[PDB]
Amino acid sequence: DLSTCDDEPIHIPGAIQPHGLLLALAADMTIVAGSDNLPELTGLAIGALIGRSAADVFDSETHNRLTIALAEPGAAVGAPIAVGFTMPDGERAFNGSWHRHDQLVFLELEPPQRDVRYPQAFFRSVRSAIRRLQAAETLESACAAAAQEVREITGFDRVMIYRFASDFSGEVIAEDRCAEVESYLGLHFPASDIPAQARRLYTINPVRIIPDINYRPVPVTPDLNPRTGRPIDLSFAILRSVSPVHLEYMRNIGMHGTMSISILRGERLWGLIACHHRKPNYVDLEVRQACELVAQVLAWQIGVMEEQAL
Amino acid sequence: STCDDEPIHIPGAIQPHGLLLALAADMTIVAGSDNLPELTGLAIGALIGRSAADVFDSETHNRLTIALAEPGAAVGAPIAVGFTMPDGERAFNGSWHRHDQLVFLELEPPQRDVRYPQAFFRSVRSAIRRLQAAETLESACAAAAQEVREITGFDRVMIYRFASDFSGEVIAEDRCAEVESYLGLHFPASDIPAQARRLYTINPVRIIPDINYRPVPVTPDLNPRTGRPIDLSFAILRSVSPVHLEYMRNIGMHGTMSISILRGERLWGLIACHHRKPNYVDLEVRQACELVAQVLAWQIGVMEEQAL
Ligand SMILES: *C/C=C1/C(=C/c2[nH]c(/C=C3[NH+]=C(/C=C4\NC(=O)C(C=C)=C4C)C(C)=C\3CCC(=O)O)c(CCC(=O)O)c2C)NC(=O)[C@H]1C
Ligand SMILES: *C/C=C1/C(=C/c2[nH]c(/C=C3[NH+]=C(/C=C4\NC(=O)C(C=C)=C4C)C(C)=C\3CCC(=O)O)c(CCC(=O)O)c2C)NC(=O)[C@H]1C
């Protein structure tokens, strides 16, 4: 008390965070469910899109891009996709990401933030970040370089490299932060801070962001997968509404924006790049992707160093 | 030292798929490519001595001043460019670099395509996974060649490793069934002479989308600081040795791109890409190919086996 930790079904909250929209599609692209904010940011209104083809809802270019993406052999758990609608109004572009799960195709839409951000310049800077990281030659220094790069690209107040021990307790082994915030370097945390069902989720889905912990959830309606007759599994949805217990925990330490990226050493959860901001901090899909690439390169380095000996 | 002698860094010309402008440190226009009127409606004659502010829009001028002002590294970076002009305004995909006391801008008209080229992140994520699963140098190079071919669509992608005498061997390859294999062939050092090699050690990417291009003169071809021809070593548009052009014409490949594989300071090898037809490589693509080369070189280093 609390020892009910592992029991919360965090993957089926029936709701998302309000900063994007979510549509759930059948394989033939009929809309089966949608976030209740679909009228505002866009159409009008769920009961109105339900049963319509997503293809009569978005762009001709978007439908083509999605058909290409979904035909691409080798699963992948989805990817970015540029999305546009034209409506009675009414022409909007979104940063989309799709994914397949639970026998549905999900489309999440985020309005493009930060306001350019020339992508060619951003790719070049990502390459340079990767170069600095790959030049580190010890575990702490690779971890510190990783935290510095992520901090640089995301502007987060405090970026921490959290390493799991064999019992899933953990320690902050590297950190880059603004001098105004507290250091967590060297601090140890028990396993129950990230309970077993979260660790499972974070092994299969390596990126999460909660830009404002004080958000009001938006329901997904109907919250019923027609393929299962049960609530829709939002495990792979970037917009998934998270456990209220975690949000209380964040409020408790005074950080209203958070993101973390799993560091996967093979198929195993080695640690996290954990990021805290004092106020809300929205991070574009492109920047989240750069942070994922950083964790991927860092994981590879960690493995090479682990194979050293002997 | 005979194939060594061609002054490849000073051709006084570029390839016609972009334009080049050269600016003094105070941003006045020093020189530009003769296709300015065709691509922009403005003449070089009307541009020499004029300020960058007086020529590009304010947002471009800002981006560029900020990029150049950034302290520390970078020979250069990508930049989005628009022109001020009475006839209106045109957007270009830009890079700048600094070299020989000049600042260069290279600009290409924006991509217009019926096709859907692949995305930087997905392509790099997938390439690292594959490289990482590899357990030998040869398999790591083959994964690199296969990823670069997938990203680019090139008919043949080869990993060319230099020996200590700077001869070379194609140690991995991916190709379409329609073109011959070069896998396991050795080539003499003369195929990439000493001055090209030195260039390719400091400037790691080269692209010749159409080897039968009509070179476009840079005017004036005279650096005001230096009284010598404009040094285009870091220009991605530089017009390339016509000897190397004929070398490709002779093997029927009309589009090429290569990326250096660098091991610290040493030119270790090339990712060499051949296409039968001209091949204009998407800008996101060339960056992904560059990152593949950097991660491969790291991996080659690891397999070399530690910390000096
Ligand atoms: C009994 C329930 C508890 C609990 C539940 C819980 N916690 C999470 C998710 C996270 N917990 C995190 C822990 C840390 N962040 C840090 O910075 C550090 C130390 C440096 C630790 C130990 C992290 C990073 C997450 C991921 C989310 C994020 O990045 O902010 C969940 C799952 C939330 C969700 O995905 O729905 C749950 C159920 N935490 C507890 O302390 C006890 C009371
Ligand atoms: C005496 C002059 C000769 C000569 C000159 C030359 N060659 C280059 C540049 C390249 N040569 C290349 C060689 C290969 N490409 C391949 O695929 C293979 C086989 C696997 C080989 C040996 C390459 C890759 C380049 C870089 C350009 C590219 O990627 O297409 C230059 C310099 C061109 C320039 O940068 O201006 C010169 C002067 N080559 C000869 O064979 C003799 C006759």
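Lettering of chains follows the sequences in order, A, B, ..., and the numbering in each one begins at 1.
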Heavy-atom donor-acceptor pair, [X] side chain to [Y] backbone, under 3.5 Å:
X      : Y      : value
A:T154 : A:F156 : yes
A:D6   : A:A196 : yes
A:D223 : A:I232 : yes
B:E284 : B:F120 : yes
A:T258 : A:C275 : yes
B:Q299 : B:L131 : yes
B:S123 : B:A119 : yes
B:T136 : B:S139 : yes
B:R130 : B:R125 : no
A:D167 : A:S169 : yes

Spatial distance of atom [atom1] ([X]) from atom [atom2] ([Y]) [nearest 0.5 Å]:
X      : Y      : atom1 : atom2 : answer
B:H97  : B:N203 : NE2   : CG    : 8.0 Å
B:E70  : B:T65  : CD    : OG1   : 12.0 Å
B:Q146 : B:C141 : CD    : SG    : 11.0 Å
B:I79  : B:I66  : CD1   : CD1   : 9.5 Å
B:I236 : B:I207 : CD1   : CD1   : 4.5 Å
B:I202 : B:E265 : CD1   : CD    : 10.5 Å

[atom1] ([X]) with more than 12 external heavy atoms under 6.0 Å:
X      : atom1 : answer
B:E59  : CD    : no
A:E248 : CD    : yes
A:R230 : CZ    : no
B:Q111 : CD    : yes
A:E152 : CD    : no

Checking [Y] against [X]: is there a side-chain donor and acceptor pair closer than 3.5 Å?
X      : Y      : answer
A:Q17  : A:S241 : no
B:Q287 : A:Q120 : yes
A:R200 : A:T203 : no

Could you check if a side-chain atom of [X] sits within less than 4.5 angstrom of a side-chain atom of [Y], using non-hydrogen atoms only?
X      : Y      : answer
A:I210 : A:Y215 : yes
A:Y162 : A:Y184 : no
A:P211 : A:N281 : no
A:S260 : A:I273 : no
A:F106 : A:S97  : no
A:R151 : A:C178 : yes
A:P111 : A:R92  : no
A:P231 : A:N225 : no

Measure from NZ or CZ of A:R208 to the centre of the six-membered ring of A:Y202 and say whether it is under 6.0 Å with the direction within 45° of the ring axis.
yes
What's the shortest heavy-atom distance between [X] and [Y], and which atoms?
X      : Y      : result
A:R158 : A:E182 : NH2-O, 2.9 Å
B:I259 : B:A293 : CG2-CB, 3.5 Å
A:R251 : A:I213 : NH2-O, 3.3 Å
A:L22  : A:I16  : CD1-CG2, 3.9 Å
A:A76  : B:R122 : CB-NH1, 3.3 Å
A:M305 : A:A136 : CE-O, 4.2 Å

Show your working on side-chain hydrogen bond (donor to acceptor under 3.5 Å, both in side chains) between A:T62 and A:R65 and close with a plain yes or no.
CA-CA 5 Å; A:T62 298; A:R65 287 192 285 270; 3.3 Å; yes
Candidate pair A:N214 and A:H256, rule side-chain contact (heavy atoms from CB on, under 4.5 Å), full reasoning
CA-CA 7 Å; A:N214 284 328; A:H256 291 200; 3.5 Å; yes
Is the distance between the ring centroids of A:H19 and A:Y282 under 6.0 Å?
yes
Is the A:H101-A:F236 ring centre distance short of 6.0 angstrom?
yes
Step by step, would you call A:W300 with B:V295 a side-chain contact (heavy atoms from CB on, under 4.5 Å)?
CA-CA 11 Å; A:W300 192 358; B:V295 170; 3.4 Å; yes
Checking side-chain contact (heavy atoms from CB on, under 4.5 Å) for the pair A:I130/B:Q294: CA distance, chi angles, key distance, verdict?
CA-CA 9 Å; A:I130 295 310; B:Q294 169 188 157; 4.0 Å; yes
Decide, yes or no, whether a salt bridge links [X] with [Y] under the criterion of side-chain N to carboxylate O below 4.0 Å.
X      : Y      : answer
B:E304 : B:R263 : yes
A:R288 : A:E292 : no
A:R278 : A:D157 : yes

Working for side-chain contact (heavy atoms from CB on, under 4.5 Å), residues A:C291 and A:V207:
CA-CA 9 Å; A:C291 294; A:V207 181; over 6 Å; no
